[PDB]
Amino acid sequence: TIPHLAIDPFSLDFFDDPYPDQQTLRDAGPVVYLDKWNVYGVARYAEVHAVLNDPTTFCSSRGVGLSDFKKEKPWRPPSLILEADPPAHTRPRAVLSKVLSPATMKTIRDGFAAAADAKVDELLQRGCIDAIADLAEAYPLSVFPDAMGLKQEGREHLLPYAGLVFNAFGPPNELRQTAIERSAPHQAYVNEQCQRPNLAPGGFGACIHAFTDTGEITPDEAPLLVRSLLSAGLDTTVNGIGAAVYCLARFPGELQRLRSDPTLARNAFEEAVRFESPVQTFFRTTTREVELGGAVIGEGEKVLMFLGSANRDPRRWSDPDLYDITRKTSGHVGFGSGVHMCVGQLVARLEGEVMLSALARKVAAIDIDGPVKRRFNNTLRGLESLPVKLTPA
Ligand code: HEM
Ligand SMILES: O=C(O)c1ccc(CO)cc1
Ligand SMILES: [Cl-]
Ligand SMILES: [Mg+2]
Ligand SMILES: [Mg+2]
């Protein structure tokens, strides 16, 4: 009843161009079995959304990578938020919600916007830049470590550690083995910065530790929640901003609409998150036998959710393969959905908005003008190098 496919969604050829295989995965049926890795897969919007919103059957506490924590040791101590189910999830989630709250965004908006404006003006003095190293990476590196309250020393471990985290959700392929092998120096840096004396007062890390007084988290939970922000909150925004710039470079008509109304910046970023889905995939593990798409999935089975595919499913989206900055984007699953829906989404959108606002006001054209190179990661989709010429407004 369930179709068996040989597609390896963690292969380099799949990462290089996933869209034909994602359609095969959708059109084969609402649920497929991937023989390469012995997992179920769901790639249509409706089933992806339903699984994300059914946490009592499709759980996260057995790992949201391929590895099942009931069968294997996690490569690092489990996350108290990503790799937890309610009720254990709830109070750590509330702490991160409060630390990254609407109210908190007021405290960082002026500096985040000023740094985006300054970066775009700086790049306009050069003309021809690499939108990854010089923009998608440079801008988050200039604001987010500081907003965390990190010291200066050791920051060169932040992107390597995040790449490791995201590669480690994948299957035990070469990308995962290479990431985990000799990763101890990256882990040691991050783990040390999670300790309270290393985090500047007022920054996100120190604010997490300040919640240990309230009873929401104990002091020994706070370093792992700082660890969550250092895992999830940098590389994602690099690939999100890079996706938006790549979208604007390829769709000049949409750059021109953005220039004409910079208040479209927030939805232009949201649409880039849908269109490229920088976080491509996550797993769940079934806690019980469960019918999904007419297939009976046993207990203890891994289920791979294709977020990027759900975000391009023609059953749900009109012209899914077009970048449309006035699209009604609500419902896309690029930040997830349900109890684990990205708790950093306001920070991600703040960064993306203010960068796209600066481009909208200051740039007239974005032209690719050198070799484009893709970056490969078991979970993240994005580019290694994106040479563009920026023309001033
Ligand atoms: C464009 C940028 C981002 C994207 C595309 C993204 C994507 C996602 C997704 C898909 C999930 C759901 C995981 C799941 O259901 O298993 C999630 C969760 C999470 N994200 Fe983000 N994220 C981004 C930015 C950020 C930022 C800036 C932060 C922190 C500053 C952050 C911190 C987290 C955390 C801690 C979780 C776990 C929430 C929970 O399990 O309740 N993310 N993210
Ligand atoms: O809690 C974490 O360490 C963590 C890591 C990765 C994600 C990816 O969205 C979310 C949370
Ligand atoms: Cl670690
Ligand atoms: Mg260890
Ligand atoms: Mg010290």
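Positions are given from 1 along the sequence. All values below come from the heavy atoms of this structure, side chains included, with hydrogens, waters and symmetry mates left out.
Scanning for ring-ring contact (aromatic ring centres under 6.0 Å, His included) contacts around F306 gives an empty result, with sequence neighbours left out. Residues meeting the ring-ring contact (aromatic ring centres under 6.0 Å, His included) test with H157, sequence neighbours left out: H186, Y189.
Ion pairing of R126 with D134 is present here, as a side-chain N (NZ or NE/NH1/NH2) and a carboxylate O approach within less than 4.0 Å. One finds no salt bridge joining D367 and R250 here, because no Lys/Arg side-chain nitrogen approaches an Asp/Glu carboxylate oxygen to under 4.0 Å. Contact check on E83 versus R62 returns no salt bridge, with no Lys/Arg side-chain nitrogen under 4.0 Å from an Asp/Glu carboxylate oxygen. A salt bridge does not link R26 with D21: every distance from a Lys NZ or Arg NE/NH1/NH2 to an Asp or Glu carboxylate oxygen is 4.0 Å or more. Between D121 and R361, no side-chain nitrogen of the basic residue sits less than 4.0 Å from a carboxylate oxygen of the acidic one, so the salt-bridge criterion is not met. Between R312 and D321, at least one side-chain nitrogen of the basic residue sits less than 4.0 Å from a carboxylate oxygen of the acidic one, meeting the salt-bridge criterion. A salt bridge links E271 with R327: the closest approach of a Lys/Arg side-chain nitrogen to an acidic carboxylate oxygen falls below 4.0 angstrom. Using a cutoff of 4.0 Å between basic side-chain nitrogens and carboxylate oxygens, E299 and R288 are not scored as salt-bridged.
Atom CD of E291 sits in a crowded spot, with more than 12 heavy atoms from other residues, nucleotides or ligands closer than 6.0 Å.
Figure legend: cation-pi geometry between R374 and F376 absent, as NZ or CZ is not positioned both under 6.0 Å from the six-membered ring centre and within 45° of its axis. Taking the ring centre of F58 as origin, the terminal cationic atom of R284 falls outside the region bounded by 6.0 Å and 45° from the ring axis.
Inspection of the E353 and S357 side chains reveals no N or O donor paired with an N or O acceptor under 3.5 Å. With hydrogens and angles left out, the side-chain atoms of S11 and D13 include no donor and acceptor closer than 3.5 Å. Inspection of the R76 and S231 side chains reveals an N or O donor paired with an N or O acceptor under 3.5 Å. A donor-acceptor contact closer than 3.5 angstrom links the side chains of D27 and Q23. Side-chain contact check for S79 and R227: no donor-acceptor pair (N or O, by modelled atom type) lies under 3.5 Å. Neither side chain, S309 nor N311, offers a donor N or O lying under 3.5 Å from an acceptor on the other. Between the side chains of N167 and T379, no donor N or O sits under 3.5 Å from an acceptor N or O. At a cut-off of 3.5 Å, with distance as the only test, no side-chain donor of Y161 or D235 sits close to an acceptor on the other residue.
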task = Report the C-alpha distance between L135 and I241 in whole Å, list the side-chain angles of each, state the deciding distance to 0.1 Å, and finish with yes or no for side chain to side chain contact (heavy atoms under 4.5 Å, CB included).
result = CA-CA 8 Å; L135 194 170; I241 293 170; 3.7 Å; yes
Test log, rule side chain to side chain contact (heavy atoms under 4.5 Å, CB included), inputs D68 and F283 = CA-CA 10 Å; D68 182 346; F283 293 86; over 6 Å; no
message = Before you tell me yes or no, could you show the steps for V226 and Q195 under side chain to side chain contact (heavy atoms under 4.5 Å, CB included), namely the whole-Å CA-CA distance, both residues' side-chain angles and the distance that decides it to 0.1 Å?
response = CA-CA 8 Å; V226 180; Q195 291 285 328; over 6 Å; no
task = Any chance you could lay out the side chain to side chain contact (heavy atoms under 4.5 Å, CB included) test for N377 and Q280, step after step, and finish with the verdict?
result = CA-CA 10 Å; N377 184 277; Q280 283 273 292; over 6 Å; no
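Note: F169 and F166 have perpendicular aromatic rings, judged against thresholds of 30 and 60 degrees for the angle between ring planes. Between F10 and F15, the two ring planes are perpendicular [angle over 60°; tilted spans 30° to 60°].
Side-chain rings of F275 and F251 approach one another, their centers coming within less than 6.0 Å.
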Please output the side-chain donor-acceptor pairs of residues 384-393 that fall under 3.5 Å, not counting sequence neighbours, one pair per line with the distance.
residue: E384; atom: OE1; partner: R375; partner atom: NE; Å: 2.9
residue: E384; atom: OE1; partner: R375; partner atom: NH2; Å: 3.0
residue: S385; atom: OG; partner: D130; partner atom: OD2; Å: 2.8

